[PDB]
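Data block below; observations after.
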Amino acid sequence: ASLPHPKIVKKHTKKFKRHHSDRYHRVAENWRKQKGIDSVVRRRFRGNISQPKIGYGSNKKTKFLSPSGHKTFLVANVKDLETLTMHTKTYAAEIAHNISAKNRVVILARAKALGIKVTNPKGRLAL
Amino acid sequence: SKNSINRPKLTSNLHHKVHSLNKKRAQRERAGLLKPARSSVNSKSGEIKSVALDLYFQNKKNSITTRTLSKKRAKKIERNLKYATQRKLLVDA
Amino acid sequence: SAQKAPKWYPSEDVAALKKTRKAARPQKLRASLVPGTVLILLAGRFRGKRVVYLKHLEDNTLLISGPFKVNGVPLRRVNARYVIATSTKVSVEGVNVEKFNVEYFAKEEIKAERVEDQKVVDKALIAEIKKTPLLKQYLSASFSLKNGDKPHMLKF
Amino acid sequence: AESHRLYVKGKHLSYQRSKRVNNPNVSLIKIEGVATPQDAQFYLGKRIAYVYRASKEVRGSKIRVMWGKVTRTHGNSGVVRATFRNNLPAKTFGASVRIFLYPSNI
Amino acid sequence: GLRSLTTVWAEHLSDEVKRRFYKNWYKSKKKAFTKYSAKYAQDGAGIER
Amino acid sequence: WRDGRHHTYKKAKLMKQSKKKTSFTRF
Amino acid sequence: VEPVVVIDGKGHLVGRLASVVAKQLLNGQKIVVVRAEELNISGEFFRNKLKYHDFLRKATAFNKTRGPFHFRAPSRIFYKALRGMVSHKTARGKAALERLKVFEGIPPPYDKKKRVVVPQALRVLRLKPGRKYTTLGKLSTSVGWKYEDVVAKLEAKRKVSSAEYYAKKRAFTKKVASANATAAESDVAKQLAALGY
RNA sequence: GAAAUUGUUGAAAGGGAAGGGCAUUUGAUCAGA
RNA sequence: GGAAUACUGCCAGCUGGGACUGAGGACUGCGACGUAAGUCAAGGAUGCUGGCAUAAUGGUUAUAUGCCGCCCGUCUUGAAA
RNA sequence: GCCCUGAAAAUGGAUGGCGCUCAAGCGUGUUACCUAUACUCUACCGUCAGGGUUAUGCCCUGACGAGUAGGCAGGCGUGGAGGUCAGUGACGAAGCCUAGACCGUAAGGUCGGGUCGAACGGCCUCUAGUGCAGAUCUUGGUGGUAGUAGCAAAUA
RNA sequence: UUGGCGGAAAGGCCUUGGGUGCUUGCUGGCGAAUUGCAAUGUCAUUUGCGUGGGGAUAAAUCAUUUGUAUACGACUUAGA
């Protein structure tokens, strides 16, 4: 279906959580750097959470690729779909959340006609 | 374990717990409360999961739950299903 | 528009592979493996059963017969790295292993060709097995590790 | 007849570890009757299986398996290092393990 | 320490000791030592053993 | 044995002990 | 190389036996120690009694009921020496110690079974002669163990029964060896001799 | 019609804290092809 | 008087087992073996085969187990205090 | 040279603990072995430099990566404004819940399901009352303490 | 099935007889196959419901009472 690509490896599947986001409800899981000078997490003591850094970066050849081997492209209409007439083995359509079911069937039909992969079918279409 | 050093304590407790849990799992399986395999005909893998539509089709096929349907949503489902079958008939013809 | 567009697009032309310098070269089997050698199987349906060695095949495998008559093992393909080679040996003279190749075993009940070939080879095999005392019973028996057996010390 | 054993019995002792640190990716195995690295050099490369029982039956068996390989020796007393496809759970320190005779070089 | 390995009782006993064994005497059927008295049969093999 | 009920009661106690592994002398 | 190993504590040294046993339990071997009353320690009686008194004066002050519990029996002394080696505050150490059983004397079912020793823990092999040693029954009776007179009375019976057993087994063995010697010189035996049996 | 907080139901853990990091077992649940 | 062996060092000597990795993606270059033809272990792995095709691998989640892990911020030479 | 003494108090106590006596102690020598974010090899991320090429891009090669005060650069996000997508939308806008999925080192973004019932987004730019865990912070709300303290002066 | 021993946590040990099978101590005759070149390749109590074995018929607690007891629980007694 998609193009052959190198085998995808991520170097960090686990999420980067903020310190004490488990301890307090007011502290959310969104990452925030600890600026404290007395901070063991900033000082990188043994037995502490990992911090994000560029060493964890993904390979450029496999970046922005889902396991199918496609880069996701958001679509709201058949005109945005027909942008990917050529690029069927590299890109995959994802219908936007705000779209309705009477237009989703149109988009899916045109995607079938053009030979495009749609990432989120069966959306508002169980009937 | 000091008053009885030649008697196992923790190994017995863990034997008890594993048998405990195995029986409960087997009974939760017999009662059909756990979901079936991926390839079984009654399975829902890849489809959308919504208790509202599940209840709708169950009450169309027509002991205590938190699952209701919101008659609002029931009317909406009937509306959208009329639209769906209209489109299917237009394919019909 | 929800997602505008990329100005760059990778070409979908998938490029051929470079000329790989990795040629197939024939296998070099260990010294212990020589036809007519008694073998011990370590896996499969017939794990622990003693058989004989007949031929080396094009796909790196070995052809073996039990004989079927004594231990119930048919003509079979076996990997050489799942096998122990005993110092015991039989003289192979007259058995027609020339027929058997890799295409003989392609599968796509039992075939009359198979039972025919098996009988006509294991008559000639039993004829030479009868010379040594107890080898029929040895091949009929199975192999097992007892308490106090250490394979690094055991001569096979 | 009475015995159908085509493996050697061993014990899962520990992970590769320092004083206060452990590497779960590598395990240490003690083989029965093996006292030296000169003897463990035989068992290097061999296949390893930890066999356990579950209550569930998944593919026609309540018996589940963890496969691995022997990689190298460890010390002077005949203990070996081993690597598995999936690391062992550390509830198995002091559990029996099967070391098969294949892949054989004999 | 010291362990008791057997206790032997008599053939007939009084309502007093039966009351001691009981905790609601006025409702019970008072079935305390019936089978032991039966074990006191012809030769008392168990008693003598 | 004492032959009346001690036999059954003691074998049942020992087997409960050996299944729960709660025995002082036996493992 | 066995499911369970019975060890006669007679003639052994407490700490070395504790070390080997602990490292065996943590490897998963089930072990049962007997005759702890005949166990030995290096050094004269006086020294080790002084040491046990040093241990015995230690106790939580505001409540003695929650302090170090000073067990007097040889089995418990050995258990202490062993538990101090094992990380008994972990589930692993608990499971290890639950593979062990320590007994004063040889009670059933282990009286009808084989016992072994540990040569890298024996007094006669590890110690140099001309060196005072201490025995654990004497020490425990000094520090308040009130059962050494029953264990001797029972071992004196066990030994008699075992002597009867041995006297029977030894005549049976004589019969067997004589029959084997008569069977010898046969060609089957010559072949077996050639092949090493 | 959010959170703190609370109740019922269901699953799990619990020998003087809990939570966290690495690694896997066990149970439940899940997507892709 | 005649040798051998130990020790040290060398071989662009021979041979075997085990572990991790397989980057790159038409050709081009140094080379080697070959009468040529061409072949090759020479500017990054190819070939043969089986099983499954699904919750099996894998992820997420509640736990357990081995090891580790002191509550954050500010202030100050420096504190868990 | 080793050993004993060669003074030191008062909760029970520490060669780290167990314990060790031709040692598991002292001195010395010979080997083997364990083991770090250190050294070597490989891959990947980023920066820097050097080259090549009709494109603040593409390709080749190599060396490097600690960090407080602090400095520089590239980016994510919020309210409103100009343009554009002849954008999205009552076959359901925004918002909220979500053991479900995905993409980024991350900031964050996207999808599915449920609830809801009317407006809201991507991109090129502009602008600012623009991003919180703290401040014995402000306002509002809620808990454990807790069915607890207690509801005992003035005769009934 | 006979008889004896064994109380440390005996719970096991030995023995008599007759049945019942097997015996690789020795020599023969048939079958194995396709689990496809390996996949641990699974082999060692009953509670629960068919089973019909299928008959026998105890206590404690609350309430009440006592006071040798007692903050309340508890304890101690009595009551067909």
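Each chain in the structure tokens gets a letter, A, B and so on, in the order shown; residues start at 1 in every chain, and ligands are counted from 1 in the order they appear.
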Report task. Give as a PyMOL selection string every residue of chain A that touches chain C within 8 Å, counting only C-alpha atoms. Result -> chain A and resi 3+73-76+80+87+89-90+96
Report task. Name the residues in contact with residue K:66 at a cut-off of 9 Å, using only C-alpha atoms (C1' of nucleotides), excluding same-chain residues fewer than 4 positions from it; report them as a PyMOL selection string. Result -> chain K and resi 76-78
**Report entry** Residue nearest chain I - candidates B:38, B:16, B:82, B:72, atoms counted: only C-alpha atoms (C1' of nucleotides)
**Finding:** B:38
Counting only C-alpha atoms (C1' of nucleotides), which residues from chain K have an atom at most 10 Å from any atom of chain E, and could you show them as a PDB file with C-alpha atoms (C1' of nucleotides), in the first residue's frame?
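Output file iface.pdb follows:
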```pdb
ATOM      1  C1'   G K   7       3.667 -40.772  70.074  1.00  0.00           C
ATOM      2  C1'   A K  58     -27.267 -29.580  66.900  1.00  0.00           C
ATOM      3  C1'   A K  59     -25.769 -25.069  68.804  1.00  0.00           C
ATOM      4  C1'   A K  60     -24.414 -19.972  69.541  1.00  0.00           C
ATOM      5  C1'   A K  78     -30.427 -18.175  85.549  1.00  0.00           C
ATOM      6  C1'   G K  79     -34.787 -19.056  82.330  1.00  0.00           C
ATOM      7  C1'   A K  80     -39.187 -23.690  77.909  1.00  0.00           C
TER       8        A K  80
END
```
Query raised in the report: Within 8 Å of chain D, which residues of chain C show up when using only C-alpha atoms, listed as a PyMOL selection string?
Result: chain C and resi 30+32+42+48+81-85+142-146+148+150+152
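With distances restricted to only C-alpha atoms (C1' of nucleotides), G:91 is the closest residue to chain I from G:78, G:91, G:47, G:2.
For the residues J:122, J:144, J:91, J:99, ranking by smallest atom-to-atom distance to chain B using only C-alpha atoms (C1' of nucleotides) places J:91 first.
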Query - Polymer residues at most 10 Å from residue H:28, only C-alpha atoms (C1' of nucleotides), same-chain spacing of 2 or more positions, as a list in words - result: residues 34 and 35 of chain B; 11 of chain H; 61 and 62 of chain I; 99 of chain J
Report task. One decimal, Å: what's the distance from atom CA of residue C:117 over to atom CA of residue C:49, could you say? Result -> 21.3 Å
